[PDB]
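Text of coords_1.cif (mmCIF, C-alpha atoms and all ligand atoms) as supplied:
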data_my_file
loop_
_atom_site.group_PDB
_atom_site.id
_atom_site.type_symbol
_atom_site.label_atom_id
_atom_site.label_comp_id
_atom_site.auth_asym_id
_atom_site.auth_seq_id
_atom_site.Cartn_x
_atom_site.Cartn_y
_atom_site.Cartn_z
ATOM 1 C CA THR N 1 33.521 12.582 -14.398
ATOM 2 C CA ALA N 2 32.663 9.035 -15.430
ATOM 3 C CA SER N 3 35.002 7.490 -17.948
ATOM 4 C CA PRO N 4 33.787 5.936 -21.205
ATOM 5 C CA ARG N 5 34.627 2.576 -19.606
ATOM 6 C CA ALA N 6 32.273 3.373 -16.745
ATOM 7 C CA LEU N 7 29.481 4.427 -19.103
ATOM 8 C CA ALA N 8 29.996 1.255 -21.140
ATOM 9 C CA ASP N 9 29.716 -0.866 -17.990
ATOM 10 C CA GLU N 10 26.349 0.729 -17.202
ATOM 11 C CA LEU N 11 25.215 0.168 -20.770
ATOM 12 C CA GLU N 12 26.087 -3.540 -20.510
ATOM 13 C CA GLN N 13 24.091 -3.814 -17.271
ATOM 14 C CA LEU N 14 21.102 -2.170 -18.931
ATOM 15 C CA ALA N 15 21.408 -4.572 -21.870
ATOM 16 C CA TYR N 16 21.091 -7.551 -19.526
ATOM 17 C CA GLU N 17 17.817 -6.092 -18.252
ATOM 18 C CA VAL N 18 16.538 -5.498 -21.785
ATOM 19 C CA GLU N 19 17.280 -9.180 -22.468
ATOM 20 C CA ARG N 20 14.616 -10.052 -19.869
ATOM 21 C CA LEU N 21 11.816 -8.270 -21.723
ATOM 22 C CA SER N 22 9.270 -9.870 -24.044
ATOM 23 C CA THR O 1 36.766 5.246 -33.882
ATOM 24 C CA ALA O 2 33.104 6.279 -33.860
ATOM 25 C CA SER O 3 32.485 9.725 -32.406
ATOM 26 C CA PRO O 4 30.737 10.175 -29.036
ATOM 27 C CA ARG O 5 27.980 12.055 -30.875
ATOM 28 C CA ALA O 6 27.521 9.190 -33.326
ATOM 29 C CA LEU O 7 27.458 6.614 -30.523
ATOM 30 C CA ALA O 8 24.937 8.679 -28.551
ATOM 31 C CA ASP O 9 22.710 8.875 -31.635
ATOM 32 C CA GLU O 10 22.712 5.087 -31.978
ATOM 33 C CA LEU O 11 21.996 4.702 -28.269
ATOM 34 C CA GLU O 12 19.045 7.111 -28.489
ATOM 35 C CA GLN O 13 17.585 5.151 -31.381
ATOM 36 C CA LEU O 14 17.900 1.910 -29.450
ATOM 37 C CA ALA O 15 16.322 3.526 -26.395
ATOM 38 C CA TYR O 16 13.185 4.352 -28.413
ATOM 39 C CA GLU O 17 13.078 0.793 -29.773
ATOM 40 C CA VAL O 18 13.267 -0.493 -26.195
ATOM 41 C CA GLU O 19 10.560 1.984 -25.136
ATOM 42 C CA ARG O 20 8.173 0.661 -27.779
ATOM 43 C CA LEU O 21 8.431 -2.905 -26.480
ATOM 44 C CA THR L 1 11.559 -6.774 -13.864
ATOM 45 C CA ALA L 2 12.271 -3.219 -15.035
ATOM 46 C CA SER L 3 9.705 -1.844 -17.469
ATOM 47 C CA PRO L 4 10.546 -0.965 -21.088
ATOM 48 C CA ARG L 5 9.862 2.675 -20.264
ATOM 49 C CA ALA L 6 12.164 2.661 -17.243
ATOM 50 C CA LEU L 7 14.923 1.040 -19.272
ATOM 51 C CA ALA L 8 14.461 3.450 -22.189
ATOM 52 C CA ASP L 9 14.689 6.365 -19.725
ATOM 53 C CA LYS L 10 17.999 5.128 -18.337
ATOM 54 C CA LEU L 11 19.324 4.535 -21.853
ATOM 55 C CA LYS L 12 18.389 8.091 -22.864
ATOM 56 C CA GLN L 13 20.162 9.392 -19.762
ATOM 57 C CA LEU L 14 23.239 7.382 -20.710
ATOM 58 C CA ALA L 15 23.116 8.755 -24.253
ATOM 59 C CA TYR L 16 23.156 12.300 -22.828
ATOM 60 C CA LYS L 17 26.418 11.460 -21.012
ATOM 61 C CA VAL L 18 28.021 9.580 -23.933
ATOM 62 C CA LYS L 19 27.344 12.541 -26.228
ATOM 63 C CA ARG L 20 29.317 14.829 -23.921
ATOM 64 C CA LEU L 21 32.430 12.664 -23.651
ATOM 65 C CA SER L 22 35.548 14.617 -24.581
ATOM 66 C CA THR I 1 10.033 -6.684 -35.219
ATOM 67 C CA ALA I 2 13.355 -6.909 -33.370
ATOM 68 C CA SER I 3 13.315 -9.014 -30.225
ATOM 69 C CA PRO I 4 14.530 -7.845 -26.808
ATOM 70 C CA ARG I 5 17.599 -10.113 -27.212
ATOM 71 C CA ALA I 6 18.365 -8.528 -30.590
ATOM 72 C CA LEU I 7 18.050 -5.035 -29.115
ATOM 73 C CA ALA I 8 20.234 -6.014 -26.155
ATOM 74 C CA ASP I 9 22.837 -7.399 -28.559
ATOM 75 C CA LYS I 10 23.072 -4.034 -30.314
ATOM 76 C CA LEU I 11 23.333 -2.318 -26.922
ATOM 77 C CA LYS I 12 26.193 -4.625 -25.904
ATOM 78 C CA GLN I 13 27.966 -4.006 -29.224
ATOM 79 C CA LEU I 14 27.560 -0.264 -28.705
ATOM 80 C CA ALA I 15 28.977 -0.611 -25.188
ATOM 81 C CA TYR I 16 32.071 -2.287 -26.654
ATOM 82 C CA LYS I 17 32.610 0.768 -28.881
ATOM 83 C CA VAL I 18 32.074 3.243 -26.022
ATOM 84 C CA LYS I 19 34.556 1.196 -23.939
ATOM 85 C CA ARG I 20 37.313 1.878 -26.468
ATOM 86 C CA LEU I 21 37.263 5.625 -25.903
ATOM 87 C CA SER I 22 39.692 7.245 -23.496
ATOM 88 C CA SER I 23 38.638 9.698 -20.828
HETATM 89 ZN ZN ZN N 101 37.343 7.967 -35.197
HETATM 90 ZN ZN ZN N 102 41.773 12.108 -22.788
#
For this file, produce the structure as structure tokens.
Amino acid sequence: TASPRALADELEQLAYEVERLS
Amino acid sequence: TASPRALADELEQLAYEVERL
Amino acid sequence: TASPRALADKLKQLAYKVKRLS
Amino acid sequence: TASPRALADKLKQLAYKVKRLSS
């Protein structure tokens, strides 16, 4: 399964996309 | 350290805040 | 860019996985 | 209400906590 580190990496990528919202 | 359950709860709350943007 | 709803969906998916970490 | 950057900041902080867990 995916490690916590892997899940955290995905969460950081999603945060960058949230940053582009208004 | 915070529990996985506790961290998932925070993430769910933030997801709904994102949704409502 | 990705919609708020699409991003919320992925975040909810991620939360499902985080909650099941051992 | 909280801005997208504020929400993303909380998401990044949460990611840092998730990162600390071991598999
Ligand atoms: Zn603890
Ligand atoms: Zn272990």
List as a PyMOL selection string the protein and nucleic acid residues near segment 11-21 of chain I, meaning an atom at most 7 Å away when only C-alpha atoms are counted, but skip any in the same chain fewer than 4 places from it. (chain N and resi 4-5+8+11-12+15) or (chain I and resi 7)
Hey, what's within 12 Å of residue 15 of chain L if we count only C-alpha atoms and toss same-chain stuff fewer than 3 positions away? As a ChimeraX atom specification, please? /N:4,7-8,10-11 /O:4-16 /L:8-12,18-21 /I:11,14-15,18
Taking C-alpha atoms for each residue, export the selection above as a compact mmCIF listing (two decimals), in the coordinates of the input.
# COMPACT_ATOMS: atom_id res chain seq x y z
CA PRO N 4 33.79 5.94 -21.20
CA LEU N 7 29.48 4.43 -19.10
CA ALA N 8 30.00 1.25 -21.14
CA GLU N 10 26.35 0.73 -17.20
CA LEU N 11 25.22 0.17 -20.77
CA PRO O 4 30.74 10.18 -29.04
CA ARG O 5 27.98 12.06 -30.88
CA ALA O 6 27.52 9.19 -33.33
CA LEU O 7 27.46 6.61 -30.52
CA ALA O 8 24.94 8.68 -28.55
CA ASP O 9 22.71 8.88 -31.64
CA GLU O 10 22.71 5.09 -31.98
CA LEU O 11 22.00 4.70 -28.27
CA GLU O 12 19.05 7.11 -28.49
CA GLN O 13 17.58 5.15 -31.38
CA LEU O 14 17.90 1.91 -29.45
CA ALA O 15 16.32 3.53 -26.40
CA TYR O 16 13.18 4.35 -28.41
CA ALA L 8 14.46 3.45 -22.19
CA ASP L 9 14.69 6.36 -19.73
CA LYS L 10 18.00 5.13 -18.34
CA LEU L 11 19.32 4.54 -21.85
CA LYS L 12 18.39 8.09 -22.86
CA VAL L 18 28.02 9.58 -23.93
CA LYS L 19 27.34 12.54 -26.23
CA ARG L 20 29.32 14.83 -23.92
CA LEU L 21 32.43 12.66 -23.65
CA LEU I 11 23.33 -2.32 -26.92
CA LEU I 14 27.56 -0.26 -28.70
CA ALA I 15 28.98 -0.61 -25.19
CA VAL I 18 32.07 3.24 -26.02
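Among the candidate residues L:16, L:6, L:22, L:1, the one lying nearest to ligand ZN 102 (chain N) is L:22, with distances computed using all atoms listed in the file.
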Atom CA of residue 2 of chain L to atom CA of residue 20 of chain O: how many Å, to one decimal?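 Those two atoms sit 13.9 Å apart.
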Distance cut-off 9 Å, counting all atoms listed in the file - which residues of chain N neighbour chain O? Return them as an NGL selection string. :N and (18 or 21-22)
Just-selected residues, C-alpha atoms written as a PDB file, in the frame of the given file:
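To be explicit, this is the file written out as part-v1.pdb:
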ATOM      1  CA  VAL N  18      16.538  -5.498 -21.785  1.00  0.00           C
ATOM      2  CA  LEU N  21      11.816  -8.270 -21.723  1.00  0.00           C
ATOM      3  CA  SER N  22       9.270  -9.870 -24.044  1.00  0.00           C
TER       4      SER N  22
END
Please put the answer as AutoDock Vina command-line options: centre and edge lengths, in Å with one decimal, of a box along x, y and z that encloses all listed atoms of segment 18-22 of chain I plus 5 Å on each side.
--center_x 35.9 --center_y 4.2 --center_z -25.0 --size_x 17.6 --size_y 16.0 --size_z 13.0
Between atom CA of residue 20 of chain N and atom CA of residue 5 of chain I, distance in Å (one decimal):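 The value is 7.9 Å.
Taking atom CA of residue 4 of chain I as the reference point, atom CA of residue 14 of chain L is found at 18.6 Å.
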Completion of chain O up to N, CA and C atoms, as a PDB file, in the coordinates of the input:
ATOM      1  N   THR O   1      37.830   5.760 -34.734  1.00  0.00           N
ATOM      2  CA  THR O   1      36.766   5.246 -33.882  1.00  0.00           C
ATOM      3  C   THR O   1      35.513   6.106 -34.033  1.00  0.00           C
ATOM      4  N   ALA O   2      34.345   5.516 -33.789  1.00  0.00           N
ATOM      5  CA  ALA O   2      33.104   6.279 -33.860  1.00  0.00           C
ATOM      6  C   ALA O   2      33.118   7.429 -32.858  1.00  0.00           C
ATOM      7  N   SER O   3      32.508   8.540 -33.248  1.00  0.00           N
ATOM      8  CA  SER O   3      32.485   9.725 -32.406  1.00  0.00           C
ATOM      9  C   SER O   3      31.498   9.539 -31.253  1.00  0.00           C
ATOM     10  N   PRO O   4      31.736  10.200 -30.120  1.00  0.00           N
ATOM     11  CA  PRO O   4      30.737  10.175 -29.036  1.00  0.00           C
ATOM     12  C   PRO O   4      29.351  10.579 -29.496  1.00  0.00           C
ATOM     13  N   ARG O   5      29.259  11.617 -30.326  1.00  0.00           N
ATOM     14  CA  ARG O   5      27.980  12.055 -30.875  1.00  0.00           C
ATOM     15  C   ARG O   5      27.315  10.943 -31.677  1.00  0.00           C
ATOM     16  N   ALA O   6      28.092  10.264 -32.526  1.00  0.00           N
ATOM     17  CA  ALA O   6      27.521   9.190 -33.326  1.00  0.00           C
ATOM     18  C   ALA O   6      27.063   8.035 -32.449  1.00  0.00           C
ATOM     19  N   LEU O   7      27.834   7.715 -31.406  1.00  0.00           N
ATOM     20  CA  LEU O   7      27.458   6.614 -30.523  1.00  0.00           C
ATOM     21  C   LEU O   7      26.227   6.965 -29.697  1.00  0.00           C
ATOM     22  N   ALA O   8      26.129   8.220 -29.259  1.00  0.00           N
ATOM     23  CA  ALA O   8      24.937   8.679 -28.551  1.00  0.00           C
ATOM     24  C   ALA O   8      23.705   8.631 -29.445  1.00  0.00           C
ATOM     25  N   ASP O   9      23.851   8.976 -30.728  1.00  0.00           N
ATOM     26  CA  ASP O   9      22.710   8.875 -31.635  1.00  0.00           C
ATOM     27  C   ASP O   9      22.213   7.434 -31.742  1.00  0.00           C
ATOM     28  N   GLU O  10      23.132   6.482 -31.923  1.00  0.00           N
ATOM     29  CA  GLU O  10      22.712   5.087 -31.978  1.00  0.00           C
ATOM     30  C   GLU O  10      22.036   4.669 -30.683  1.00  0.00           C
ATOM     31  N   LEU O  11      22.571   5.107 -29.544  1.00  0.00           N
ATOM     32  CA  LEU O  11      21.996   4.702 -28.269  1.00  0.00           C
ATOM     33  C   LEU O  11      20.591   5.270 -28.098  1.00  0.00           C
ATOM     34  N   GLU O  12      20.377   6.513 -28.544  1.00  0.00           N
ATOM     35  CA  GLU O  12      19.045   7.111 -28.489  1.00  0.00           C
ATOM     36  C   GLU O  12      18.065   6.323 -29.330  1.00  0.00           C
ATOM     37  N   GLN O  13      18.482   5.927 -30.534  1.00  0.00           N
ATOM     38  CA  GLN O  13      17.585   5.151 -31.381  1.00  0.00           C
ATOM     39  C   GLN O  13      17.211   3.845 -30.711  1.00  0.00           C
ATOM     40  N   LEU O  14      18.187   3.171 -30.109  1.00  0.00           N
ATOM     41  CA  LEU O  14      17.900   1.910 -29.450  1.00  0.00           C
ATOM     42  C   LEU O  14      17.004   2.133 -28.240  1.00  0.00           C
ATOM     43  N   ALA O  15      17.181   3.250 -27.537  1.00  0.00           N
ATOM     44  CA  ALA O  15      16.322   3.526 -26.395  1.00  0.00           C
ATOM     45  C   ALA O  15      14.861   3.580 -26.812  1.00  0.00           C
ATOM     46  N   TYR O  16      14.565   4.253 -27.938  1.00  0.00           N
ATOM     47  CA  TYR O  16      13.185   4.352 -28.413  1.00  0.00           C
ATOM     48  C   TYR O  16      12.651   3.006 -28.867  1.00  0.00           C
ATOM     49  N   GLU O  17      13.503   2.154 -29.448  1.00  0.00           N
ATOM     50  CA  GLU O  17      13.078   0.793 -29.773  1.00  0.00           C
ATOM     51  C   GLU O  17      12.763   0.003 -28.513  1.00  0.00           C
ATOM     52  N   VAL O  18      13.575   0.163 -27.463  1.00  0.00           N
ATOM     53  CA  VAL O  18      13.267  -0.493 -26.195  1.00  0.00           C
ATOM     54  C   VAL O  18      11.955   0.037 -25.631  1.00  0.00           C
ATOM     55  N   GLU O  19      11.768   1.363 -25.669  1.00  0.00           N
ATOM     56  CA  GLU O  19      10.560   1.984 -25.136  1.00  0.00           C
ATOM     57  C   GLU O  19       9.312   1.366 -25.735  1.00  0.00           C
ATOM     58  N   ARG O  20       9.334   1.121 -27.036  1.00  0.00           N
ATOM     59  CA  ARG O  20       8.173   0.661 -27.779  1.00  0.00           C
ATOM     60  C   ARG O  20       7.957  -0.839 -27.649  1.00  0.00           C
ATOM     61  N   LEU O  21       8.708  -1.506 -26.778  1.00  0.00           N
ATOM     62  CA  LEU O  21       8.431  -2.905 -26.480  1.00  0.00           C
ATOM     63  C   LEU O  21       7.242  -2.968 -25.530  1.00  0.00           C
TER      64      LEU O  21
END
